[PDB]
Amino acid sequence: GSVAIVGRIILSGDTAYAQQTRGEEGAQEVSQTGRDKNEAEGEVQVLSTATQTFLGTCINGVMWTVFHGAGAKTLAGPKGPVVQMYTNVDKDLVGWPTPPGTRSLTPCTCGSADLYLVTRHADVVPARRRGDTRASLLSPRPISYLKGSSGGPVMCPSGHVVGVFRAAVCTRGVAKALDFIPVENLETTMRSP
Ligand SMILES: CC(C)(C)[C@@H]1NC(=O)O[C@@H]2CCC[C@H]2OC/C=C/C(F)(F)c2nc3ccccc3nc2O[C@@H]2C[C@@H](C(=O)N[C@]3(C(=O)NS(=O)(=O)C4(C)CC4)C[C@H]3C(F)F)N(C2)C1=O
Ligand SMILES: [Cl-]
Ligand SMILES: [Zn+2]
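In the numbering used here, the protein residues as written are 233 to 425.
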């Protein structure tokens with residue numbers, strides 16, 4: 233089974249919109265055959281396997297997502313399934329060559345502490361950065377609000393990408409903070425010998 237693109241999260245600065253591109257049947261077919269003839273576009277994709285769904289974020293020519301969503305699976309593409317370029321279980325990180333037609337977000341170099349997560353439902357969730365990999369939510373959220381958004385982007389006010397959403401700091405079913413793979417750690421992954 234392959235990972236399939238089933239939609240994209242269109243970013244328009246302050247707001248986002250979730251556009252579905254595959255229904256359940258089409259999604260399953262793309263994952264089964266590993267072949268996807270739709271011309272992809274955008275920077276944030278909605279991804280699905282046979283059993284799960286989550287997000288992927290295009291950065292530095294690679295579409296990144298979480299290992300706990302994609303495993304080591306191939307990505308369905310126009311020429312057939314595409315093997316993962318990066319697979320790091322320790323970081324819960326995987327990457328494929330960015331699908332043709334997509335574009336990459338720019339890594340943030342402005343150091344702003346005011347961040348926002350874009351969820352799979354196109355919700356924008358403000359957060360305040362707390363160290364390298366964490367950001368505290370301005371408003372607590374039920375975990376169901378954030379489920380399915382692993383692999384989505386954490387952004388700065390200028391529309392730069394700061395990190396890739398990995399996990400929620402969550403007790404008693406309420407998320408208080410975000411854990412994300414910082415963009416600098418993606419560059420390290422692309423530099424690791
Ligand atoms: C309690 C909780 C919120 C469920 C949990 N918090 C939590 O563990 O907090 C601690 C303390 C602060 C950071 C974190 O340190 C531990 C690191 C965990 C990890 F992430 F690195 C991780 N590495 C793995 C590597 C290999 C195999 C499996 C792995 N499994 C992992 O974590 C698991 C999964 C991850 C998850 O749910 N991610 C999200 C999501 O949407 N997934 S998903 O799309 O629906 C779906 C399941 C389809 C793919 C974004 C959060 C959303 F729900 F908000 N988890 C549990 C959590 O977030
Ligand atoms: Cl990391
Ligand atoms: Zn920035």
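Even for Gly, the Cβ is constructed at its ideal location relative to N, Cα and C.
From the options, residue whose alpha carbon lies closest to that of residue i
i    : options                : result
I241 : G383, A259, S368       : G383
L243 : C290, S280, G233       : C290
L410 : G363, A236, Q264, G301 : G363
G327 : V298, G255, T334       : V298
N417 : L369, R404, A400, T365 : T365
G266 : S368, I237, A399, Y318 : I237
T341 : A259, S424, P414       : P414
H353 : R404, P332, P385, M295 : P385
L337 : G245, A400, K311       : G245
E261 : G233, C388, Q251, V350 : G233
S344 : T334, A367, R423       : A367
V401 : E256, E257, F412       : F412
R335 : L369, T403, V393       : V393
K323 : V406, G405, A399, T403 : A399
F397 : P425, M387, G405       : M387
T283 : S263, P425, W296       : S263
Same chain only: Cβ atoms within 6 Å of residue i, ignoring 5 sequence neighbours per side
i    : result
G309 : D268
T319 : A304, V326
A302 : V235, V326
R361 : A345, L347, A367
N-terminal and C-terminal residue of the alpha helix (DSSP H) that residue i is part of
i           : result
residue 191 : Since the displayed the chain opens at 233 and closes at 425, residue 191 lies outside it and no answer follows.
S382        : Here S382 belongs to no alpha helix (DSSP H), and DSSP marks it neither H nor E.
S280        : Unbroken run through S280 is the beta strand (DSSP E), 276 to 280; no alpha helix (DSSP H).
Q264        : 256 to 265
Residue i: CB within 7 Å of a non-hydrogen atom of ligand 4
i    : result
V350 : The model depicted lacks ligand 4 and carries ligand 1, ligand 2 and ligand 3 instead.
Simplified DSSP assignment, three categories, for residue i
i    : result
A250 : strand
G301 : helix
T334 : strand
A308 : coil
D411 : strand
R360 : strand
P389 : coil
Unbroken beta strand (DSSP E) run spanning residue i, endpoints
i    : result
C340 : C340 -> no beta strand (DSSP E), and no H or E assigned at all.
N320 : 318 to 320
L243 : 236 to 244
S371 : 366 to 374
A399 : 393 to 403
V314 : Careful: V314 lies outside any beta strand (DSSP E) and carries neither H nor E.
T289 : 285 to 291
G233 : Looking at the DSSP string, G233 is not in any beta strand (DSSP E), and its letter there is neither H nor E.
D268 : It is not in any beta strand (DSSP E) - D268 carries neither H nor E in the DSSP assignment.
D346 : 346 to 350
Sequence-distant residues of the same chain with beta carbon closer than 7 Å to residue i, five excluded per side
i    : result
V315 : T306
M422 : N292
Close Cβ partners of residue i (< 8 Å) along its chain, the five nearest in sequence each way excluded
i    : result
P313 : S234, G266, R267, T306, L307
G293 : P329, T330, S336
Could you tell me whether the region 270 to 279 touches the region 367 to 378, using the rule of 3 or more Cβ pairs below 8 Å?
-> In this structure the region 270 to 279 does not lie against the region 367 to 378, because fewer than three pairs of beta carbons, one per stretch, are closer than 8 Å.
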